[PDB]
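Text of run-v7.cif (mmCIF, C-alpha atoms) as supplied:
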```
data_model
#
loop_
_atom_site.group_PDB
_atom_site.id
_atom_site.type_symbol
_atom_site.label_atom_id
_atom_site.label_comp_id
_atom_site.auth_asym_id
_atom_site.auth_seq_id
_atom_site.Cartn_x
_atom_site.Cartn_y
_atom_site.Cartn_z
ATOM 1 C CA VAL A 1 159.612 110.934 136.542
ATOM 2 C CA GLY A 2 159.914 107.704 134.581
ATOM 3 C CA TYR A 3 161.552 104.324 135.069
ATOM 4 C CA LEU A 4 163.522 102.540 132.358
ATOM 5 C CA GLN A 5 162.652 98.952 131.471
ATOM 6 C CA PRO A 6 164.862 96.315 129.797
ATOM 7 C CA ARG A 7 163.103 96.221 126.419
ATOM 8 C CA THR A 8 164.331 95.684 122.849
ATOM 9 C CA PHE A 9 164.962 98.578 120.459
ATOM 10 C CA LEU A 10 166.382 98.781 116.930
ATOM 11 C CA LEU A 11 168.407 101.967 116.504
ATOM 12 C CA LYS A 12 168.570 103.604 113.069
ATOM 13 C CA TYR A 13 171.966 105.087 112.180
ATOM 14 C CA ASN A 14 172.090 107.497 109.239
ATOM 15 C CA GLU A 15 175.158 108.912 107.459
ATOM 16 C CA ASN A 16 175.935 111.311 110.327
ATOM 17 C CA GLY A 17 176.269 108.513 112.893
ATOM 18 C CA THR A 18 173.546 109.742 115.266
ATOM 19 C CA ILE A 19 170.385 107.973 116.399
ATOM 20 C CA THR A 20 167.385 109.219 114.408
ATOM 21 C CA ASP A 21 164.684 106.572 114.961
ATOM 22 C CA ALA A 22 163.956 103.827 117.487
ATOM 23 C CA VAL A 23 161.344 101.068 117.194
ATOM 24 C CA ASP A 24 160.296 99.038 120.235
ATOM 25 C CA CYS A 25 159.906 95.286 119.676
ATOM 26 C CA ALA A 26 157.496 94.854 122.621
ATOM 27 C CA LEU A 27 154.283 96.736 121.829
ATOM 28 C CA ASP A 28 152.542 95.744 118.589
ATOM 29 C CA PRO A 29 152.883 92.606 116.427
ATOM 30 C CA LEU A 30 153.813 94.792 113.443
ATOM 31 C CA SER A 31 156.826 96.282 115.235
ATOM 32 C CA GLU A 32 157.990 92.834 116.377
ATOM 33 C CA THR A 33 158.376 91.685 112.759
ATOM 34 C CA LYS A 34 161.011 94.352 112.048
ATOM 35 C CA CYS A 35 163.176 93.022 114.896
ATOM 36 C CA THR A 36 164.102 89.780 113.118
ATOM 37 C CA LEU A 37 164.125 91.088 109.536
ATOM 38 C CA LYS A 38 166.334 94.039 110.611
ATOM 39 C CA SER A 39 164.467 96.354 108.237
ATOM 40 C CA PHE A 40 161.712 98.956 108.557
ATOM 41 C CA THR A 41 160.143 97.935 105.210
ATOM 42 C CA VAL A 42 157.997 94.808 105.603
ATOM 43 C CA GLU A 43 156.593 93.463 102.333
ATOM 44 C CA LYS A 44 153.536 91.246 101.862
ATOM 45 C CA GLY A 45 153.470 87.647 103.055
ATOM 46 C CA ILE A 46 153.481 85.596 106.239
ATOM 47 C CA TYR A 47 156.335 85.736 108.757
ATOM 48 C CA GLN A 48 157.163 84.319 112.181
ATOM 49 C CA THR A 49 157.253 85.925 115.629
ATOM 50 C CA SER A 50 158.223 83.655 118.553
ATOM 51 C CA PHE B 1 198.165 100.823 149.957
ATOM 52 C CA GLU B 2 194.559 99.802 150.654
ATOM 53 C CA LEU B 3 192.722 97.833 147.956
ATOM 54 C CA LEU B 4 189.015 97.155 148.505
ATOM 55 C CA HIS B 5 185.956 96.598 146.309
ATOM 56 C CA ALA B 6 185.721 100.315 145.512
ATOM 57 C CA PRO B 7 186.872 101.409 142.032
ATOM 58 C CA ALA B 8 190.462 102.616 142.166
ATOM 59 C CA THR B 9 191.150 106.189 141.062
ATOM 60 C CA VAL B 10 194.937 106.393 141.631
ATOM 61 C CA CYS B 11 196.810 104.301 139.046
ATOM 62 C CA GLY B 12 200.158 104.801 137.308
ATOM 63 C CA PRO B 13 201.301 106.689 134.218
ATOM 64 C CA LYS B 14 201.845 104.788 130.976
ATOM 65 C CA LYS B 15 204.962 105.755 128.982
ATOM 66 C CA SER B 16 205.207 104.604 125.329
ATOM 67 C CA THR B 17 206.485 105.635 121.839
ATOM 68 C CA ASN B 18 204.881 108.288 119.590
ATOM 69 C CA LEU B 19 202.597 107.746 116.578
ATOM 70 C CA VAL B 20 203.947 106.057 113.437
ATOM 71 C CA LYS B 21 201.503 105.859 110.521
ATOM 72 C CA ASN B 22 201.682 104.666 106.900
ATOM 73 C CA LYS B 23 203.155 101.356 108.101
ATOM 74 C CA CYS B 24 201.737 97.859 108.594
ATOM 75 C CA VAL B 25 202.892 97.463 112.190
ATOM 76 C CA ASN B 26 201.210 96.499 115.451
ATOM 77 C CA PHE B 27 199.331 99.223 117.326
ATOM 78 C CA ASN B 28 197.363 99.574 120.556
ATOM 79 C CA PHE B 29 194.727 102.201 121.390
ATOM 80 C CA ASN B 30 192.989 101.942 124.784
ATOM 81 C CA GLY B 31 193.503 98.184 124.995
ATOM 82 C CA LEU B 32 192.444 97.538 121.384
ATOM 83 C CA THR B 33 195.527 95.754 120.036
ATOM 84 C CA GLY B 34 195.513 95.477 116.249
ATOM 85 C CA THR B 35 197.883 95.089 113.313
ATOM 86 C CA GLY B 36 197.576 97.077 110.107
ATOM 87 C CA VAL B 37 198.106 100.405 108.373
ATOM 88 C CA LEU B 38 196.914 103.491 110.268
ATOM 89 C CA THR B 39 195.832 105.416 107.192
ATOM 90 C CA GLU B 40 193.936 108.696 107.330
ATOM 91 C CA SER B 41 190.208 109.121 106.738
ATOM 92 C CA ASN B 42 187.688 111.855 105.961
ATOM 93 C CA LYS B 43 184.742 110.878 108.182
ATOM 94 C CA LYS B 44 184.095 112.234 111.676
ATOM 95 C CA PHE B 45 182.773 110.487 114.781
ATOM 96 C CA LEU B 46 181.060 111.961 117.854
ATOM 97 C CA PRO B 47 182.566 114.157 120.605
ATOM 98 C CA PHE B 48 181.918 111.570 123.331
ATOM 99 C CA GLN B 49 182.836 108.246 121.712
#
```
Can the structure from this file be put into structure tokens for me?
Amino acid sequence: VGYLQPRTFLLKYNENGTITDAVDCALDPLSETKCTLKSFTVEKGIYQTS
Amino acid sequence: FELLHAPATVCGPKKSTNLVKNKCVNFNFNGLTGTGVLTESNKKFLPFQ
């Protein structure tokens, strides 16, 4: 039994149109960077958060 | 005819023309009113969307 919480997720749609991967933007600082850049490949450098 | 805050389940039938494609005319599908050519495609969606 689990309760859903209003978080932030970035769904990944492939060529079939189904959800294959989901990354939560409220857990680790590394996952929060992919929320603004809208990409799962973060290169080197300094970025912002909030 | 009682109308309260509950969601209504008894509405009325909607009667309209058939389907005319290959023309740049106005169309309407489930409220989405657009204007363009209803050309065919090869992709497929999902059986619940």
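Picture a line from CA of residue 44 (chain B) to CA of residue 19 (chain A); it runs 15.1 Å.
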Each residue of chain B lying at most 12 Å from chain A should get a row with its shortest atom-to-atom pair and the distance in Å to one decimal, counting all atoms listed in the file; could you produce that, ordered by chain and increasing number, as a Markdown table?
```
| residue | atom | partner | partner_atom | distance |
| --- | --- | --- | --- | --- |
| B:43 | CA | A:16 | CA | 9.1 |
| B:44 | CA | A:16 | CA | 8.3 |
| B:45 | CA | A:17 | CA | 7.1 |
| B:46 | CA | A:17 | CA | 7.7 |
| B:47 | CA | A:18 | CA | 11.4 |
| B:48 | CA | A:18 | CA | 11.8 |
| B:49 | CA | A:17 | CA | 11.0 |
```
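Contact shell of region 27-38 of chain A at 7 Å (only C-alpha atoms; same-chain neighbours under 4 positions omitted): residues 10, 23 and 49 of chain A.
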Identify all residues satisfying the PyMOL selection byres ((chain B and resi 7-21) around 12) in the given file; provide them as a ChimeraX atom specification. /B:1-6,22-30,35-40
Quick one: region 19-32 of chain B with N, CA and C atoms, as an mmCIF file, keeping the file's coordinate frame?
```cif
data_model
loop_
_atom_site.group_PDB
_atom_site.id
_atom_site.type_symbol
_atom_site.label_atom_id
_atom_site.label_comp_id
_atom_site.auth_asym_id
_atom_site.auth_seq_id
_atom_site.Cartn_x
_atom_site.Cartn_y
_atom_site.Cartn_z
ATOM 1 N N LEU B 19 203.545 108.268 117.555
ATOM 2 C CA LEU B 19 202.597 107.746 116.578
ATOM 3 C C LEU B 19 203.305 107.592 115.240
ATOM 4 N N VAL B 20 203.324 106.369 114.718
ATOM 5 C CA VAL B 20 203.947 106.057 113.437
ATOM 6 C C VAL B 20 202.862 105.501 112.527
ATOM 7 N N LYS B 21 202.540 106.237 111.468
ATOM 8 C CA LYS B 21 201.503 105.859 110.521
ATOM 9 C C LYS B 21 202.134 105.415 109.205
ATOM 10 N N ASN B 22 201.270 105.090 108.239
ATOM 11 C CA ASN B 22 201.682 104.666 106.900
ATOM 12 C C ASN B 22 202.565 103.421 106.938
ATOM 13 N N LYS B 23 202.394 102.588 107.963
ATOM 14 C CA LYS B 23 203.155 101.356 108.101
ATOM 15 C C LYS B 23 202.244 100.254 108.618
ATOM 16 N N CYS B 24 202.512 99.027 108.173
ATOM 17 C CA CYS B 24 201.737 97.859 108.594
ATOM 18 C C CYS B 24 202.412 97.214 109.804
ATOM 19 N N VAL B 25 202.299 97.904 110.938
ATOM 20 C CA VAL B 25 202.892 97.463 112.190
ATOM 21 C C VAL B 25 201.783 97.287 113.224
ATOM 22 N N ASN B 26 202.158 96.723 114.368
ATOM 23 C CA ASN B 26 201.210 96.499 115.451
ATOM 24 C C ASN B 26 200.980 97.787 116.230
ATOM 25 N N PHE B 27 199.722 98.030 116.590
ATOM 26 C CA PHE B 27 199.331 99.223 117.326
ATOM 27 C C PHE B 27 198.444 98.828 118.499
ATOM 28 N N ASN B 28 198.194 99.796 119.378
ATOM 29 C CA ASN B 28 197.363 99.574 120.556
ATOM 30 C C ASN B 28 196.769 100.905 120.985
ATOM 31 N N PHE B 29 195.439 100.985 121.008
ATOM 32 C CA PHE B 29 194.727 102.201 121.390
ATOM 33 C C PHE B 29 193.666 101.838 122.420
ATOM 34 N N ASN B 30 193.924 102.181 123.684
ATOM 35 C CA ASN B 30 192.989 101.942 124.784
ATOM 36 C C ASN B 30 192.634 100.460 124.899
ATOM 37 N N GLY B 31 193.663 99.614 124.875
ATOM 38 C CA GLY B 31 193.503 98.184 124.995
ATOM 39 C C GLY B 31 193.261 97.459 123.686
ATOM 40 N N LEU B 32 192.716 98.146 122.686
ATOM 41 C CA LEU B 32 192.444 97.538 121.384
ATOM 42 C C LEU B 32 193.764 97.327 120.654
#
```
